[PDB]
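Only one chain is included here, represented as structure tokens and corresponding to the form deposited in one PDB entry.
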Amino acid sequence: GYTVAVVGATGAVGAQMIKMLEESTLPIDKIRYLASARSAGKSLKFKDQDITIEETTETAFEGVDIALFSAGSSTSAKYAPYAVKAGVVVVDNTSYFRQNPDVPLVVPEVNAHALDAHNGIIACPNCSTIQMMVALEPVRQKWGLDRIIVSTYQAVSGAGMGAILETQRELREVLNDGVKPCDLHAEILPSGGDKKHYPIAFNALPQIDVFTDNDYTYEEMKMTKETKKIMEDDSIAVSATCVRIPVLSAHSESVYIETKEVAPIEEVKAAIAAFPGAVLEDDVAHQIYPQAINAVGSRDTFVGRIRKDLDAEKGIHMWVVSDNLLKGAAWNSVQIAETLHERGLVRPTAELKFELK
């Protein structure tokens, strides 16, 4: 069996990493929980076992077979390369290594083949991107993809435990104390690292992550660049608008595509239904469509509102929802680890391709 380390075990994603590992088939002989110095020494459960949280350091990965990193880009940048040096296979939830050509960027249902040539780090994509890939890959396979326009409806847990608590506090101030939403004080959303913070309570914030030089945010650009890498097609046109709404868990997306060939809607629905990881929830006669509150806790990605554009021959609209902490993060990561296991890819990497920092 394996020694598995969870780096960032105490955070929003870390908690779901724990749950997904507890529910995994992976043969785990030893579990280790790693975090920052301030969590080191506390106890956290794995099933019935009490695990003592350890501080994350350059020398903490000896004996580890698989390390699941969800502690922030800076933590991955600093320590993942030392984990690889120590013989670990790293599955990284952060954005840091995603565009490195030596790093596979994987959604197992779409591009598991990219795992075979790994150099010790496999990157989990952005949550918003992952669910969109699960919905669209079965369409791309049969009729191609020319372009995507997506507008997202993103849950606050994507921004971490602090953002969840900020959202809850803000809502209670409005509902219980009668504070006007525009008068609330915020410290985290829309982006912890950016200069100004705004209320999310009763709001829709069109900013996720920080702005890039082209006036799209880094979240929007991740959707663009990660799609192209995952689907191995730089020709796919992708533009995104990423919006935070007052939902704690599960991202929803209004997705428009144009296919390369006309894709009859009944066949599109069937192709999505048949695709592993995708569940068709589409029966408008009974008001059946994907819903954030229904997706919470499920590893599947739910797709509905599927319909032809009113004018564009090859245009199709749909609604895609998944739990952003599960398929969008912890489940995608555990599924990668399970796929590595299946393929006999859990083993030390001989060549070090990642500079030690």
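Superpose the two forms; the largest set of C-alphas matching within 1.5 Å is the rigid core. We number the residues from 1 along the sequence you see.
Beyond what is shown, the protein has a form deposited in another entry; the following relates to that form.
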{"item": "Core superposition between the shown form and the other one, C-alpha change of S39 at least 2 Å", "value": "yes"}
{"item": "Rigid core fit then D309 CA moved by 2 Å or more between the shown form and the other one", "value": "no"}
{"item": "Rigid-core frame, C-alpha of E54, shift of 2 angstroms or more between the shown form and the other one", "value": "yes"}
